[PDB]
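First comes the structure, then the notes that go with it.
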Amino acid sequence: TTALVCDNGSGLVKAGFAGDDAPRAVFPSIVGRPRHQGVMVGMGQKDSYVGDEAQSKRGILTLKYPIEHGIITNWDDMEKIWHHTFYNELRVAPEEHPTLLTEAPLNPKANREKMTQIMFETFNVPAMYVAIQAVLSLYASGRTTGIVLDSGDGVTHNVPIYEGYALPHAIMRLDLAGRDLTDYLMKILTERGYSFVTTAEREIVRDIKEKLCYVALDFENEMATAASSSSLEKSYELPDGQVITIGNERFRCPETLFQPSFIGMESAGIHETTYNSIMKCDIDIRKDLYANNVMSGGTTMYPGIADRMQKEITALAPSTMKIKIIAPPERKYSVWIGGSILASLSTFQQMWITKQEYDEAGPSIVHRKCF
Amino acid sequence: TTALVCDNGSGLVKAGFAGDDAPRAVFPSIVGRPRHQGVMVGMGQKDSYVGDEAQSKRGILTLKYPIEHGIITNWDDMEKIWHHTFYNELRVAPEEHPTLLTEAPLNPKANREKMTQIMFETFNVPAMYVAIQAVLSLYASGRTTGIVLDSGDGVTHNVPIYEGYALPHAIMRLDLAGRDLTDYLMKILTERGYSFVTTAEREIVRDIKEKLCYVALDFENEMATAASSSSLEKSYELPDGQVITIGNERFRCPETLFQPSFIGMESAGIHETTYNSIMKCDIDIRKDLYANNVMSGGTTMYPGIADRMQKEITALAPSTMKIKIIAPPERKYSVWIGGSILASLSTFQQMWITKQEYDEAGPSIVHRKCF
Amino acid sequence: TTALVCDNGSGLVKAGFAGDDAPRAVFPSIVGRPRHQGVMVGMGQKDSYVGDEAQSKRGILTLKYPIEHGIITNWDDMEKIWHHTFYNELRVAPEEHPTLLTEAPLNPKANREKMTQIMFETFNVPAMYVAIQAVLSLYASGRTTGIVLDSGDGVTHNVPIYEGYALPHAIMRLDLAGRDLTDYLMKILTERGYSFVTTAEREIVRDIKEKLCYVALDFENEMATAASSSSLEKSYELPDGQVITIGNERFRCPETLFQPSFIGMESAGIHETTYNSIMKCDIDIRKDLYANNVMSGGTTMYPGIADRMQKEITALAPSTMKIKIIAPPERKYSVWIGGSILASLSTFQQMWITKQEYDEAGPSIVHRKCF
Amino acid sequence: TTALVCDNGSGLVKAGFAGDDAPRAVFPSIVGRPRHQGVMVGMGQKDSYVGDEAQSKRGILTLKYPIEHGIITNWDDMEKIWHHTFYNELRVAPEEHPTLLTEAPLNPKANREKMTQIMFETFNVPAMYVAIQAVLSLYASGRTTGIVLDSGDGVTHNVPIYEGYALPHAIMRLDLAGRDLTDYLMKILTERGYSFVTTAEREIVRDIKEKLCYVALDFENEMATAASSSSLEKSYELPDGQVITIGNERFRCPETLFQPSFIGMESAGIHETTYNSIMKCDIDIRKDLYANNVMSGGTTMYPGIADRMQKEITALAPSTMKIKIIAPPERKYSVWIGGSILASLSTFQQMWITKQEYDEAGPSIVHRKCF
Amino acid sequence: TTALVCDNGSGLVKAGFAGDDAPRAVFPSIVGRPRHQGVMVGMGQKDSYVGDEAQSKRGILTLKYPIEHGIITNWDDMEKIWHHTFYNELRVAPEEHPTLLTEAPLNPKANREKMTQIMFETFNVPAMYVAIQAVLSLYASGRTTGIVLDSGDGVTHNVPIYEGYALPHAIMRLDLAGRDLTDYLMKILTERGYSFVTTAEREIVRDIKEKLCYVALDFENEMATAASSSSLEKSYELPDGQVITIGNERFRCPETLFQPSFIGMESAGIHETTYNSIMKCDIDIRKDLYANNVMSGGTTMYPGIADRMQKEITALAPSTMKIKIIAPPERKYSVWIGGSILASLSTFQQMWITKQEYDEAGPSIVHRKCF
Ligand SMILES: C/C1=C\CC[C@H](C)OC(=O)C[C@H](c2ccc(O)cc2)NC(=O)[C@@H](Cc2c[nH]c3ccccc23)N(C)C(=O)[C@H](CCCCN)NC(=O)[C@@H](C)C1
Ligand SMILES: Nc1ncnc2c1ncn2[C@@H]1O[C@H](COP(=O)(O)OP(=O)(O)O)[C@@H](O)[C@H]1O
Ligand SMILES: Nc1ncnc2c1ncn2[C@@H]1O[C@H](COP(=O)(O)OP(=O)(O)O)[C@@H](O)[C@H]1O
Ligand SMILES: Nc1ncnc2c1ncn2[C@@H]1O[C@H](COP(=O)(O)OP(=O)(O)O)[C@@H](O)[C@H]1O
Ligand SMILES: Nc1ncnc2c1ncn2[C@@H]1O[C@H](COP(=O)(O)OP(=O)(O)O)[C@@H](O)[C@H]1O
Ligand SMILES: Nc1ncnc2c1ncn2[C@@H]1O[C@H](COP(=O)(O)OP(=O)(O)O)[C@@H](O)[C@H]1O
Ligand SMILES: [Mg+2]
Ligand SMILES: [Mg+2]
Ligand SMILES: [Mg+2]
Ligand SMILES: [Mg+2]
Ligand SMILES: [Mg+2]
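Structure below.
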């Protein structure tokens, strides 16, 4: 019965089977609650919508994510989703086969531990394993050496691996991610009278940025040219047919990844976060890391993110260092892909945590890391 | 013994049984009082006529409605009618079975509360329920999503429902209704020497408008073409054989629904009342509301009301929004039909307020709303 | 050559010049036709008497009013009168100067239109204007805010004006007027054997009521005290010296204005007609209207009409509202006075409809209303 | 000639001179248009009333605000007002001296830009400056550190300032404001049969809430005690002397500020809006912000708003944090007061935008922000 | 006018006068820059805060150290501090008297040279001298023989002195110091959801470790006992009242000094660094060094650092060697104390480098070392 791979991340959940080349089910990790009145209850109707069903009824629901900044903040809702994923969407009964879950590095221990508990107690998972998202992304590329820049709506992080050996001590992690980009866009659009405020509207704004936003190659020049009407300006058609003129914001929003101060984020831009994480490692390694900068995660789907990353990291490094950014198609699936690969590996099977094994050992087992 | 459905609205009362496809008894909610002399009393004769009996003797009675603008202004008379409805007209003894009553949203609480009191104290109703007229209208259509424009002689109102979930916060209500249309017609006909002034005459005028009036598709053009004698002009034959030439008024009266200022009504025309009520709701919903504009209530029987509504709402909305007005046959029965349907529902039975239940709880129970 | 002001109302015609403080000619709008035999024709003699000449020969003429309920019912006769007014009585040739005519609001359009036609075609009027009687009455008072209760033998009506701005939408009009009072008096006097039946006799009865009738302050008490012989009873001396004892009728006739049902008039008494017309207007206005109740028109010459009006309107209104009825001397001339004033205004001259202007434009021009 | 300070906000305009301790002229930013008929035009009379003159004639005008939600929606009308303010009401000729204008943060750029344009092109303003309302409010208090909760009928917003340094990144803004409170009150009063619907009536309702409404300290308990007749109930005397019994609504209306869902406002109550805005800022700052919660703006004149705010914010914060709400007298003038102070500052003079300076630079200059 | 002693180290600057028993001024060598917005400039306000003033305004500043790992990385900022130290904080004018500066051994020559330059060119220092921190520490103890383990937030180093004669050839130096401990603590606290990321927050974390951290005597046993809730766990109260539960980390952070690999530091723990530095020296000396292990510097304020150091160094050495660690009170002032002593010595005066002397000789003079 093989095994199930579930990219239970923030934003979207991507699930499919070990051995598949792509997730079979992709949908938002969103729980929607009937906003007006109470619910109905007596006439059924529903007091809870999940993912794409929440999207169908979006406008009458208060939308909540259970995961924020890579952390399961609302366990009740997350549990509800998990059920709705493989149990309802994939037509899978827990006990049929074991499953792979993921998380971003440097989470609170409790995040992983409680997640595990649920898999074994709420569900009948017959063996489970948790892996670092960035690591999986590298597996998807097939490389054994490089920097993984994994950036979603939850978190942005850098993992450094060299010839199969990870370097724990230099892993970087930022709260700065897609939701901050989204929130910033909601804010910045008030400059032109386009006030989005509800959770439902927030999702529209996300739709906008995923279609129109791009990374300024040279922000200064883009701002200069933005003083003149041009191809910069786009007309976004809303759900109710009214249209929005997007100007400078089309690139100013992505800009925040390189100038975090825009949103109050007292930090370094991702080009420096990356640079510095490389600087933290031995000089004997750095040369290779430079030429294997694997970029993945949905925020890296912005057009030009690779081009400008290349530009700025090149500027920071010595001119004699050759830098190469890897940015394949399907970056949005990279982690999941890695998972499919991982689970299909013969050797890997020894890493499974059997429910019984867990029951015998207890919580702490989920942090073991041999490979 | 099933249950009784009673559309106890202003204007007309339409009663029949739960499970019927149409009301069995339809008649005016009018109380007539012998105008000349006193009454008779000693020789019987009668000091009160109701509905169709008042119509028979119309010309010697002062006619009063007990309900005005959806509010039971004269309880004595309304009580008298209720008796005369099911007790006399339908041949029903209260206690045989429970009954469904209706009202327009945003009434004074006392309207519902006192009505309830009477059902349980004056009559022996063994369980009673009150429903919003617009909601019922939507049930009659069978849709779960849309705008209900319910307009009678009492009030005009807009209710927005989405996929089974009502949106309380955006319900609109106007005093502007059929009696204002009627009163205006009485007034406007003095332009041609046709002065109607009594309550009895008022009813004639109502008869006129229900036969000849129509909604101008393009009011301006109709006024222009009205400068020439044509098919516009009609000869109405009065009760005593004298005839009336109706001109421009044939459409100028319905015009007031779109230009309320004609009667001093500082408001927005119903095309804007509708438009705005949609604007009040989330952009994620508006698209669907546009395509499910359910129009019902007797004033919507004017020929062309749908055509022009379509025209003007289309003009207000974006050209990319598809708008569809639903305007079935039997719009005049829609609310009652919905009631028959509602009462026939198995689930619905839990909503009944048992007389005992009321007696135990008290007044406030009539505003509970779970479903 | 200034201009001519003509209060061409029902009952009496009052004409004088713009700038005069009172009409120069006042006489009945009555056409009398030799009742017995034919006429004479061959020996001249006359087949038509008008106004005061008809009064001279009253007893051998059938008297007809051309205007009834404010409407020119008999154009032939009205035309004849108009000639006899300014042409014969005032010694004026049409073309010397323009003229102001009046009418009660809510007349049939044709009333005004045909009147206009005659002024320009039968006569040589070099510019003409028609004004609402009530409006003019307010001008005579000099106020810019108030209720005008204008009541003659033709009609009774209420006009509401606020700070120079009329409120069309709340104008009230009743058929109930002086001729109904007169007719009722003719009828009620048969109780004591004083049967008046001819048109000539009708005029006597009018003379009676204009001398003896008064408004009961408290009708109930007056009826009670009327059971005892007192100052109530008066001896009216007829044209032939016989005398009439008037009792209760002396106030019971005016009573009908407050209890219209007495004459079959299914309506509200004038105290409620007034009250309600105020209720029809915005709460922000009503307070002022209460304190500016301008009463005018000949029927308001009954002693006590103001006192009782005050009483009953006060009762209807809230005790905190201050009510003041204006009832100057010369109420019988108020409309005409207003006309004199109006015509003397510099600004007003732009309102004249030049004969040529009319000829060019046509009928419809008489309903323009800019000021 | 000093300078002019003009709190050109929504609702009311408060103008006075730099150095004054209070505005000299305070009046509604309302434009009224003769509702019935047309206007008059030819006889003058007026086709436009502003502020207190519109209040005088309130009942015959359609009242419009030009500013809605802090945005000048109707420039024609706003221009008209500006003229009527200092030009007519204060007896000031533009060019005599420079002026200070204000606006709520996060407005559309065009709001400020167009406003500027008018000051320099329509008027002869010799130097102008625009400031954030909340900032000015803090200046009025004299503090350099704190939270400014500025809430009017337009918008509600939170600004955080620390030791003279603003924190742009954590400014909050809500549409939820006084007009929503007012509109809600209009609606909620239909429960007791007090239907207010016109723009004129809306102003009455505002008058009601400004006199009777208060903030429930414990809403639940107030609702419980509201089941019994008590001091809760008040008799409001309307403009026409009729009285209104206000019950639960007297506090249920203010309740919406803490439970926005009441009006469909999918948001957080102002106690959480405030709390969260503090949470958005560094832990090293939060302690001070807690003890300097400066509340201002006219909606904060509701009795008990401070008491309950204190209660709920205290509950949300840790028990060890000391919280202090500043709520001086003259909260309604706070912004203007700050303006007077600001303009009187020597240093501040460098911030003026000279008309010439603007003409040379152009639009963008109005968003400069050095201090 | 005596002389000034300035422990211009990383972390804190401790200044006082030659002859004093303790520094008069102690404050952080931190420069803070207004993080949000720009600054203010025009209204003054300040664009730079130093030490305790930066602490006052901590939360709105980006905090930077100018010294890192014992090296003045940012000269601009360090210069600024020096001014703010004696010039502003101590109320001293440079030229009043000569001054003693310090540094950690094995710095880049330029560190000392540039520092000197500034003292003579930026300031008017009339003679200056630079001494090795460890040497001074030994002077403070009063011993002439021993190992000085001087460990601050900048660097950790070992100096060996025997009977007044230093042994240059065996001086050890590590980057591993207090900031690594601090940074590690920031990281390790994410295990329990306590994410500190800003420079301001970093300072809080430092405050935490300086209050709660201690050195595990037996790390293994502490980890074992840490599996059970006990006295290990502490509740730290943050600046905003929220509390933090510190567990294992309370000793795991100090552990890194003995197992540097925890932070990627491929080195030997300080117990072996010390041991080995002794091994590097002649067997005829080692015996004495063992009995005079002078520990100083702020990181040695962790409770138990002496106890465990004793334990582990004893284990490494032969059982017959007597080992004694000196760990007086005021270890945090040791270097400065030594400086006060040094400057007060008569003989020592010959070591001063006169400004003129420097000007004549040039840069190289600062590395002379006779005594
Ligand atoms: C409508 C929408 C996007 C499309 C806007 C429309 C199609 O285009 C415009 O009309 C531009 C037009 C505009 C153009 C030019 C100009 O100088 C001043 C204003 N924007 C406004 O007026 C603002 C008015 C407004 C109210 N608070 C605000 C807060 C900030 C900014 C604006 C507003 N405005 C459209 C909205 O607020 C509305 C209502 C706000 C939602 C919650 N209440 N917005 C929305 O509901 C969502 C769907 C976003
Ligand atoms: N076309 C796109 N352009 C930019 N960002 C995108 C695009 N599609 C998705 N994203 C962003 O990627 C994130 C969602 O996908 P993903 O990053 O895979 O989520 P997660 O990594 O949390 O599973 C969001 O930030 C989303 O907006
Ligand atoms: N043929 C018609 N054309 C227009 N209006 C009609 C017609 N028949 C009935 N009406 C109007 O509908 C109202 C009466 O029916 P209805 O609206 O159902 O009353 P209610 O809704 O109050 O029960 C009146 O306004 C009536 O004039
Ligand atoms: N003394 C009076 N008392 C009561 N009514 C009078 C008196 N004089 C005239 N009227 C009434 O006024 C009307 C005639 O004058 P008027 O009202 O001015 O006529 P009109 O208004 O039609 O020009 C008649 O109803 C007449 O009886
Ligand atoms: N006594 C009061 N109680 C409550 N609210 C008030 C009171 N007086 C004024 N307000 C409200 O304050 C707003 C008007 O004053 P203000 O808030 O200063 O307007 P703005 O801030 O837009 O200038 C309105 O919401 C008004 O109802
Ligand atoms: N109570 C304490 N416990 C542990 N370390 C401390 C304590 N107080 C200060 N320190 C550490 O000492 C260093 C600061 O003082 P110090 O070591 O004298 O600085 P420096 O030596 O650079 O002048 C920092 O590492 C600081 O955290
Ligand atoms: Mg991801
Ligand atoms: Mg109906
Ligand atoms: Mg008259
Ligand atoms: Mg304000
Ligand atoms: Mg040190």
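Residue numbers (UniProt numbering), protein chains in the order written: chain F, 7 to 377; chain A, 7 to 377; chain E, 7 to 377; chain W, 7 to 377; chain B, 7 to 377.
From the three backbone atoms N, C-alpha and C, an ideal C-beta is built for every residue, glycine too.
Next item on the list: Along the alpha helix (DSSP H) that carries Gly170 (chain W), what are the first and last residues, could you check?
Entry: No alpha helix (DSSP H) contains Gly170 (chain W), which DSSP labels as neither H nor E.
Margin query: Between the region 158 to 174 of chain F and the region 355 to 371 of chain F, can you find at least three pairs of beta-carbon atoms closer than 8 Å?
Written below: no
Next item on the list: Taking the CB atoms as reference points, tell me whether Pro111 (chain E) and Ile138 (chain E) lie closer together than 8 Å.
Entry: yes
Next item on the list: Please report how far the alpha carbon of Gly368 (chain F) lies from the alpha carbon of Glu197 (chain B), in whole angstroms.
Entry: 18 Å
Note to self: Three Cβ pairs or more, each shorter than 8 Å: is that satisfied between the region 342 to 358 of chain B and the region 18 to 28 of chain B?
What the structure shows: yes
Check: Using a threshold of 7 Å, is the CB atom of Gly345 (chain B) nearer than that to any non-hydrogen atom of ligand 11?
Finding: no
Next item on the list: For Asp246 (chain A), verify whether its CB is less than 7 Å away from any heavy atom of ligand 3.
Entry: no
Note to self: For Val37 (chain E) and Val56 (chain E), which I take to be in contact (beta-carbon distance under 8 Å), what is that distance rounded to the nearest angstrom?
What the structure shows: 6 Å
Note to self: So, with DSSP's three-state summary, where would you put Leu351 (chain W)?
What the structure shows: coil
Check: Say the cut is 7 Å; is the CB of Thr128 (chain W) nearer than that to a heavy atom of ligand 4?
Finding: no
Next item on the list: Would you be able to state if there are at least three C-beta pairs under 8 Å between the region 63 to 82 of chain B and the region 199 to 214 of chain W?
Entry: no
Next item on the list: Would you check whether ligand 11 has a heavy atom nearer than 7 Å to the C-beta of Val341 (chain B)?
Entry: yes
Notebook entry, point to check: Do you know how far the Cα of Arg256 (chain B) is from the Cα of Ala233 (chain B)?
Noted result: 14 Å
Notebook entry, point to check: Taking C-beta to C-beta, are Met327 (chain B) and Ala312 (chain B) nearer than 8 Å?
Noted result: no
Notebook entry, point to check: So, is the C-beta of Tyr190 (chain W) closer than 8 Å to a C-beta in chain B?
Noted result: no
Note to self: Assuming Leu69 (chain F) and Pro40 (chain F) are in contact, meaning their beta carbons sit under 8 Å apart, how far apart are those beta carbons, in whole angstroms?
What the structure shows: Actually they are not in contact, since the Cβ atoms of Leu69 (chain F) and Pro40 (chain F) sit about 11 Å apart, beyond 8 Å.
Notebook entry, point to check: Any idea if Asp288 (chain F) is buried or exposed, counting beta-carbon neighbours within 10 angstroms, 16 or more meaning buried?
Noted result: exposed
Notebook entry, point to check: CB-CB under 8 Å to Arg179 (chain A), same chain, minus the five flanking residues each way: which ones, in chain order?
Noted result: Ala110, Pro111, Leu112, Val161, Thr162, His163 and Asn164
Notebook entry, point to check: Taking three-plus beta-carbon pairs below 8 Å as touching, is the region 315 to 325 of chain A in contact with the region 276 to 284 of chain A?
Noted result: yes
Next item on the list: Please list, in chain order, all residues of the same chain as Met192 (chain B) whose beta carbon is under 6 Å from its beta carbon, the five residues on each side excluded.
Entry: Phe202 and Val211
Item checked: Close Cβ partners of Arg337 (chain E) (< 6 Å) along its chain, the five nearest in sequence each way excluded -> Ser302 and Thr306
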